[PDB]
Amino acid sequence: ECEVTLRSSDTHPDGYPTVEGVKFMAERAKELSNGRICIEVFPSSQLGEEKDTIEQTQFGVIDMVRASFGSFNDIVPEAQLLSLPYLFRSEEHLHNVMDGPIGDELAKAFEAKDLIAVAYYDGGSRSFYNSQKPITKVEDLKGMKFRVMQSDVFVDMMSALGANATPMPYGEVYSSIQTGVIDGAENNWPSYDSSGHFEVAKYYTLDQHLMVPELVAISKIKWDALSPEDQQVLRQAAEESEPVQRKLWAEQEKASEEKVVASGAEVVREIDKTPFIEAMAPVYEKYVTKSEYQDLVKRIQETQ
């Protein structure tokens, strides 16, 4: 048994939808391989913060990782491109993009950087939360200090809004907010909840400026050393976990919103997003640098 073992990393805790997703993938891969293939999940950043685990996965030290496109920065340039603000209209839109040929194009981009993309997971939309004041309009962000994920595109996004970005690993955000070093950060409801940030940043504004895709990626080095039979099992188990993870995600979006609101989170709803969207013009100008990227963005916006 467990002749083929794979260590899989996630920054999130046990019980979180992405972790439950890979745990389901692991149960299925074990069943389908008659006990041969054994995926072990290491949650809560046990093996390191997310960007660091991505690099260790590329080197084959970690076998598999569940990660946000936003943690890649320049490592996979099209991953950064798909982290542009207000690129996707909805979770349905994003599903149709990632499920179609654009998803295959991105898979090729990951493979060129020694990562085999076997599933795309849902991460919903990200919105601003802070400890200082309600954000009711773009102008309220002026001069404020917000953590972002470690990609240049998010630093530029904050500058476009007249604020100051500070990239840092997810695990350090809570203390930085708590001690007042930064004013806030931005994320989806389940992160805002499970991270504890709602305890130290009670103001949340549903500006929904990002929908950053996520993936399960296997080390290409480890993958290439597997038999075709074992590769087939992994891909099957990964694809099976996708609809499952999507449903777990939808349920947790609801539960976490309810939870944090029950705890006193002060939420601003119905914000006019138009000025937020307009402000992103320079960001698109800076990152949409080609034909290859221009047409990509175009085909995304054209996807129903």
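All residue numbers are counted from 1 along the displayed sequence.
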### Query
Once you work out the mean C-alpha B-factor for both 131-139 and 189-197 from the entry, which is higher?
131-139
## Note on the structure
Mean Cα B-factor check, 10-18 vs 279-287, entry values; winner is 279-287
### Task
Would you mind checking which of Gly123, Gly184, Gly171, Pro228 has the top Cα temperature factor in the PDB entry?
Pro228
### Message
Just to confirm, going by the entry's C-alpha B-factors, which of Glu214, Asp207, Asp74, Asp114 comes out highest?
### Response
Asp74
## Note on the structure
Chain-relative C-alpha B factor for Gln245 (record values, thirds): the lowest
### Query
Which third, lowest, middle or highest, does the CA B-factor of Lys273 fall in along this chain?
highest
### Summary
Here the Cα B-factor of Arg28, set against its chain, lands in the third termed middle
### Query
Among the chain's modelled residues, which third holds the C-alpha B-factor of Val97?
middle
### Summary
Entry-reported C-alpha B-factor of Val118 relative to its chain, by third, is middle
